[PDB]
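S.K.: Take this structure first; my questions come after.
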Ligand SMILES: N=C(N)c1cc(-c2ccccc2)c(CNC(=O)c2ccc3c(c2)CCO3)s1
Ligand SMILES: N=C(N)c1cc(-c2ccccc2)c(CNC(=O)c2ccc3c(c2)CCO3)s1
Ligand SMILES: N=C(N)c1cc(-c2ccccc2)c(CNC(=O)c2ccc3c(c2)CCO3)s1
Ligand SMILES: N=C(N)c1cc(-c2ccccc2)c(CNC(=O)c2ccc3c(c2)CCO3)s1
Ligand SMILES: N=C(N)c1cc(-c2ccccc2)c(CNC(=O)c2ccc3c(c2)CCO3)s1
Ligand SMILES: N=C(N)c1cc(-c2ccccc2)c(CNC(=O)c2ccc3c(c2)CCO3)s1
Ligand SMILES: [Cl-]
Ligand SMILES: [Cl-]
Ligand SMILES: [Mg+2]
Ligand SMILES: [Mg+2]
Ligand SMILES: [Mg+2]
Ligand SMILES: [Mg+2]
């Protein structure tokens, strides 16, 4: 899964 | 903390 | 509001305690109560709001993915029912957050900083709704997320430097939205790359505190770019 | 019971799904519903019950410790209030579990295996109540935990081999009770050591599956003995 903040 | 199961 | 009788300051204090205790549902309930007092949230308070609900909905999304995978493999009613249960609970958290933003955090955000922060959140929670949506409602949710994200981008580019961590986090997440939600992987790559490069070119203006902040998110931009190219 | 209208088999199935999704509150609610159907729990089902509530109360205990530490350092009402809130929620989970055991899991457990399992749980949940109790109620809770644990020990020694993982886990936890709750560190050391040695001397009777089970808990006995000596 790609990173999010 | 000591281990418990 | 079950938090309506508690002082605003006490709710902020307890949100910070809940965070130390990794009690993120409590944390989110406290910050909802704080928001419903009707005063604007400070930068620290916005972070407390965002952290609490990101953790809550994060756990629901992780659960939903596990159950959806199990559902897709099995394809009795139980797997579907329980996925639907988690899904409904996730949609209710997203509706709660969007409701706070719409009543009335966004309209009362009189700064670029605070309005971008809330508009990014709006895109995130529509994004999370999109992840579980499955029809003509899916398309409206997708467009609503894009519109929220793009408005935040427009403001952020006019009013914040390219190393601002909220601008950076916005672009990071909007980029993931393009890749994972909008089936626009080229857009996702172009946004992450341009964001990374423009931040790198601005690092020379930063104190040591700000440098750490911006480079932390630049790392995430590169991690995604490394996945996608 | 909010779970009263769901089939027993569906509740077990969903408990297993909740576990895969790390949804331990759901898991515990499902197993409570299963228990309230009034039929006995299988070995796997007892494990599902125990795992769910151990995770739930585990998170509450971890939170309570963090807040209690903060409380003791600060010694407004907020820290105390919020610790008390978590504490009350923890006591309610413990009361729920003890209520299931008392109505009517323990009396309907017609095997040594199942009765020891439930009596160990009873000692554990009284132990967790003891951790937060602070008076003459503390002494009654402590004695109730010891009595439950000791009855389970008596049965386990008569009816289970020294490598049985429920016997081993019982002794492990009873030992921690002595060390941490009862201010009886000598008792705790003697029980863990005797339990470890008698299990080691029995490993030669085990298949490869059972060997793995028993050695896993022997590891925990040694870890505690290494802390305490
Ligand atoms: N109690 C909290 N959690 C926070 C409090 C504050 C704060 C405190 C005082 C003044 C202004 C703000 C935060 C600022 N924001 C971050 O430090 C940050 C946020 C998200 C994120 C990362 C870092 C890296 C990965 O994603 S966070
Ligand atoms: N104008 C800026 N550059 C900032 C101003 C403030 C601030 C404002 C008012 C009071 C105190 C501090 C910041 C605090 N730090 C963050 O809010 C933050 C948020 C997300 C994030 C990170 C940091 C690192 C990774 O992701 S940053
Ligand atoms: N589709 C695009 N625009 C790209 C196409 C290519 C390329 C060239 C030859 C072969 C295949 C692909 C790229 C190379 N990769 C990067 O430039 C890159 C990777 C990670 C990273 C950054 C930059 C900055 C922060 O973290 S990017
Ligand atoms: N769905 C679950 N979680 C479980 C299901 C079963 C089972 C399945 C079929 C038949 C009988 C039982 C379990 C048996 N028990 C353990 O494997 C075990 C339990 C506690 C423990 C450790 C190991 C190591 C640390 O503490 S656990
Ligand atoms: N009589 C025995 N030796 C066992 C019988 C069964 C069983 C009974 C009925 C159906 C299927 C299996 C066991 C399954 N395994 C556990 O229940 C278990 C529990 C706690 C634990 C571990 C394992 C490892 C670490 O902690 S063990
Ligand atoms: N108070 C006690 N009865 C003990 C006193 C001593 C001793 C002797 C000389 C100096 C100080 C202490 C012990 C030595 N330690 C162990 O024997 C031991 C440790 C870990 C372990 C096992 C055994 C089995 C499984 O894991 S035990
Ligand atoms: Cl369900
Ligand atoms: Cl409180
Ligand atoms: Mg007031
Ligand atoms: Mg305003
Ligand atoms: Mg039936
Ligand atoms: Mg019976």
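Chains as they are written, first to last, in the entry's author numbering: chain B, 591 to 595; chain B', 591 to 595; chain A, -4 to 70, 78 to 231; chain A', -4 to 70, 78 to 231. A prime marks a further copy of an entry chain.
Even for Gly, the Cβ is constructed at its ideal location relative to N, Cα and C.
Pull up the CB-CB distance for residue 65/A and residue 122/A, whole angstroms please, since I reckon it's below 8 Å.
M.R.: In fact, because the Cβ distance is near 32 Å, the residues do not count as touching under 8 Å.
S.K.: What is the DSSP secondary structure of residue 165/A, counted as helix, strand or coil?
M.R.: Three-state result, residue 165/A: coil.
S.K.: Using a 10 Å radius around the Cβ and a threshold of 16 neighbouring Cβ atoms, would you call residue -3/A' buried or exposed?
M.R.: Classification of residue -3/A': exposed, given that the 10 Å Cβ count is below 16.
S.K.: Apart from the five residues just before and just after residue 171/A', which ones in its own chain have a Cβ nearer than 8 Å to its Cβ?
M.R.: Excluding residues within five positions, the ones whose Cβ falls inside 8 Å are 122 and 219.
S.K.: Taking the alpha carbon of residue 165/A as the point to measure from, which residue in 43/A, 11/A, 50/A and 196/A has its own alpha carbon closest?
M.R.: With distances taken between Cα atoms, residue 165/A lies closest to 196/A.
S.K.: Taking just the CA atoms, how far does residue 119/A' sit from residue 154/A'?
M.R.: Each residue's alpha carbon lies about 8 Å from the other.
S.K.: Taking Cβ-Cβ distances shorter than 9 Å, what residues in chain B' pair up with residue 222/A'?
M.R.: Those are 592, 593, 594 and 595, listed as they occur along chain B'.
S.K.: Less than 7 Å between CB atoms is the rule here; does residue 42/A satisfy it with respect to chain B?
M.R.: No - not a single Cβ of chain B is within 7 Å of the one on residue 42/A.
S.K.: What do you get for residue 106/A', buried or exposed, if any count of 16 or more other CB atoms within 10 angstroms of its CB means buried?
M.R.: Label assigned to residue 106/A': exposed.
S.K.: Assuming residue 174/A' contacts residue 594/B' (C-beta within less than 8 Å), just tell me the rounded distance between them.
M.R.: With a Cβ gap of about 6 Å, residue 174/A' and residue 594/B' count as contacting.
S.K.: Near ligand 11, which residues have their beta-carbon closer than 6 Å to a heavy atom?
M.R.: Here the list is 2/A' and 3/A'.
S.K.: Just verifying my parser: in three-state terms, what is the DSSP assignment at residue 159/A'?
M.R.: Of the three classes helix, strand and coil, the one that applies to residue 159/A' here is helix, per DSSP.
S.K.: Can you tell me the Cα-Cα spacing of residue 214/A' and residue 190/A', whole angstroms?
M.R.: Taking the straight line from one Cα to the other gives about 24 Å.
S.K.: Quick check on residue 34/A: does DSSP put it in helix, strand or coil?
M.R.: Residue 34/A: coil per DSSP, three-state reduction.
S.K.: Ligand 7 heavy atoms versus the CB of residue 83/A: any closer than 6 Å?
M.R.: Flag set: Cβ of residue 83/A near ligand 7.
S.K.: Quick check: the Cα distance between residue 76/A and residue 200/A', rounded to an integer number of angstroms?
M.R.: You won't find residue 76/A in this model, because chain A goes from 70 right to 78.
S.K.: Compare the C-beta of residue 166/A' against all C-beta atoms of chain B' and say whether one is closer than 7 Å.
M.R.: For residue 166/A', the answer is no, since every Cβ of chain B' falls outside 7 Å of its Cβ.
S.K.: Please determine, among 59/A', 63/A' and 84/A', the residue with the shortest C-alpha to C-alpha distance to residue 1/A.
M.R.: Per the Cα distances, 84/A'.
S.K.: CB of residue 174/A' to nearest heavy atom of ligand 5: below 6 Å?
M.R.: For ligand 5, not one heavy atom lies less than 6 Å from the Cβ of residue 174/A'.
S.K.: Would you mind stating whether residue 4/A' and residue 16/A have Cβ atoms separated by less than 7 Å?
M.R.: Taking 7 Å as the Cβ cut-off, residue 4/A' and residue 16/A do not qualify as a contacting pair.
S.K.: With a threshold of 6 Å (Cβ to nearest heavy atom), would residue 227/A be considered close to ligand 3?
M.R.: It does: the Cβ of residue 227/A is within 6 Å (strictly closer) of some heavy atom of ligand 3.
S.K.: Is residue 138/A buried or exposed, if buried means 16 or more other CB atoms sit within 10 Å of its CB?
M.R.: Label assigned to residue 138/A: exposed.
S.K.: With burial defined as no fewer than 16 other Cβ atoms inside 10 Å of the residue's Cβ, what is the status of residue 45/A: buried or exposed?
M.R.: That one is buried.
S.K.: Mind listing which residues of the stretch -2 to 12 of chain A' have their C-beta closer than 7 Å to chain A's C-betas, in chain order?
M.R.: Within the stretch -2 to 12 of chain A', the residues whose Cβ lies closer than 7 Å to some Cβ of chain A are 5, 8, 9 and 12, listed in chain order.
S.K.: Which chain A' residues sit within Cβ distance under 7 Å of residue 84/A?
M.R.: Those within 7 Å of residue 84/A in chain A' are 9 and 12.
S.K.: Relative to the alpha-carbon of residue 132/A', which residue among 62/A', 180/A', 163/A' and 117/A' has its alpha-carbon at the smallest distance?
M.R.: Selected option, being the one with the closest Cα: 180/A'.
S.K.: Helix, strand or coil for residue 136/A, going by three-state DSSP, please let me know.
M.R.: Note: residue 136/A maps to coil in three-state DSSP.
S.K.: Could you check whether the Cβ of residue 15/A sits closer than 7 Å to any Cβ belonging to chain A'?
M.R.: Taking Cβ atoms only, chain A' reaches closer than 7 Å to residue 15/A, which makes this a yes.
S.K.: So with CB distances below 7 Å, who are the chain A contacts of residue 81/A'?
M.R.: 12, listed in chain order.
S.K.: Can you look up residue 1/A' in the DSSP assignment and give me helix, strand or coil?
M.R.: Note: residue 1/A' maps to coil in three-state DSSP.
S.K.: Report the rounded CA-to-CA distance for residue 225/A' versus residue 198/A', giving the unit in angstroms.
M.R.: Straight-line Cα distance between these residues: approximately 11 Å.
S.K.: Starting from the C-beta of residue 40/A, find all residues in its chain whose C-beta is less than 8 Å away, skip the five residues before and the five after it, and write them out in chain order.
M.R.: Once the five neighbours on either side are set aside, the close Cβ partners of residue 40/A are 7, 26 and 29.
S.K.: Indicate, with yes or no, if ligand 3 has a heavy atom lying under 6 Å from the CB of residue 179/A'.
M.R.: Outside the cutoff, so no.
S.K.: Would you say residue 92/A' faces chain A, with C-beta separation under 7 Å as the test?
M.R.: Closer than 7 Å: no.
S.K.: Can you give me the C-alpha to C-alpha distance between residue 182/A' and residue 141/A', rounded to a whole angstrom?
M.R.: C-alpha separation (whole angstroms): 14 Å.
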